[PDB]
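Presented below, as structure tokens, is a lone chain in the form deposited in one PDB entry.
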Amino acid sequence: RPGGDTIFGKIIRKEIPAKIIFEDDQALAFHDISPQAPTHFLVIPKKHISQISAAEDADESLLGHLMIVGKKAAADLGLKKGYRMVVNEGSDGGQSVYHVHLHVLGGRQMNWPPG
């Protein structure tokens, strides 16, 4: 199915709404349901890539596009003092939903280590 078979596939197909902040032909950005910072949103590809370890070389431009969308949406939301981008891979990374998703977090100082 276009958009894949996870929670995110229903968002991509518009079956279930989300707090959408950016949309193009490649990607969607929307506010995260469990925010960990004053701004916390996800950027996802419309194409169903399960996890970053399943991305192929021909996906490079799309993966970079997720970062450029994250930069643009962070600017629209008025981040001026920066943000952190996070991609979780597999169990140790903390990934639960097996569709690639880039987190963008800002509006506070982000700490270290990053989890």
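One rule holds for the numbers: they count along the sequence shown, beginning at 1.
Undergrad: Return whichever of 100 to 108 and 21 to 29 has the greater mean Cα B factor according to the PDB record.
TA: Here the higher of the two C-alpha B-factor means belongs to 21 to 29.
Undergrad: Take the C-alpha B-factors listed in the entry for 60 to 68 and for 32 to 40, compute each mean, and give the stretch with the larger one.
TA: Mean B over CA atoms: larger for 32 to 40.
Undergrad: Going by what the PDB entry lists, where does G93 fall on CA B-factor within its chain: lowest, middle or highest third?
TA: Middle third, going by the recorded CA B-factors of the chain.
Undergrad: So where's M85 on the chain's Cα temperature factor ranking, which third?
TA: Its C-alpha B-factor, which the entry lists for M85, ranks in the lowest third among residues of this chain.
Below, we refer to the form solved in complex with a small molecule, which is not included among the displayed structures.
Undergrad: Is there a heavy atom of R13 lying 4.5 Å or less from a heavy atom of the small molecule in the deposited complex?
TA: Judged by the heavy-atom cut-off of 4.5 Å, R13 is well away from the small molecule in the deposited complex.
Undergrad: Might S91 be said to contact the small molecule in the deposited complex, defining contact as any heavy atom within 4.5 Å?
TA: Although the small molecule is absent here, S91 would stay clear of it in the deposited complex, with no heavy atoms inside 4.5 Å.
Undergrad: When the contact criterion is heavy atoms within 4.5 Å, does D32 count as touching the small molecule in the deposited complex?
TA: Output for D32 is yes: heavy atoms within 4.5 Å of the small molecule.
Undergrad: Mark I7 yes when one of its heavy atoms lies within 4.5 Å of a heavy atom of the small molecule in the deposited complex, and no otherwise.
TA: So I7 counts as contacting the small molecule.
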